[PDB]
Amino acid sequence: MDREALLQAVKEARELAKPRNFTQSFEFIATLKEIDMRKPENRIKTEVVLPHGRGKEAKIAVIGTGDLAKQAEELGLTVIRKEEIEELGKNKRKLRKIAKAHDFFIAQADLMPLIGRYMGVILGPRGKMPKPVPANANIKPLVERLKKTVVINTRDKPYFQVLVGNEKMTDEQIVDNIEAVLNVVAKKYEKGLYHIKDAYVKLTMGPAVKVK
């Protein structure tokens, strides 16, 4: 909650985890108090751009045509073209694969009824419904932000768990990310961070370490 307190949790969390054979990731967990999650406005479902990214960048796919689809192959992104929509809504083994492999989907906005009608049944249950952008939009600002974005989602339990970096970034960086996440809570409720009951940090396979 104060920075050195979090530098300490981060520090300790790295210390307590047995090195396994892969780069673990850091999760931040917080439980809330005195907020009624039966009121739907009290729930959090927000996107945070983390100041230093996630560890490994979010894979983005672009559904569109024209220059939207040229800008997407110039930035190195998966392009699903207008002619493929129907072909993917009928081949659900493939579609399922594509939804597993990408974190975010951006789509030419006028194509959102087709997308909805053919891919919506797989993309919407997984929270992967595309973001619409005008057909003539500049997408590099958006692609830059989304490569560093995480979604905080409580649903109706009073707690959340977010990715904030990985074992290859510095403690200082993990705490700056964690602060970007605490700033969403600070602005959601009137009393702000008064509502954080307990905060924990933890590696992929490492025990949770309560902050303080």
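All residue numbers refer to positions in the sequence shown, first residue = 1.
Legend: mean Cα B-factor per stretch from the PDB entry, 14-22 versus 189-197; the higher mean is in 14-22. In this crystal structure, the stretch out of 35-43 and 140-148 whose C-alpha atoms carry the higher mean B factor is 35-43.
In this structure the maximum Cα B-factor among 135, 123, 111, 77 is found at 135. When the modelled residues of the chain are ordered by their C-alpha B factor, residue 52 lands in the middle third.
The deposited CA B-factor of residue 131 belongs to the lowest third of values across its chain. Among the modelled residues of the chain, residue 171 sits in the middle third by CA temperature factor in this PDB entry.
Compared with the other modelled residues of the chain, the Cα B-factor recorded for residue 94 ranks in the middle third.
The PDB entry assigns residue 159 a C-alpha temperature factor belonging to the highest third of its chain's modelled residues.
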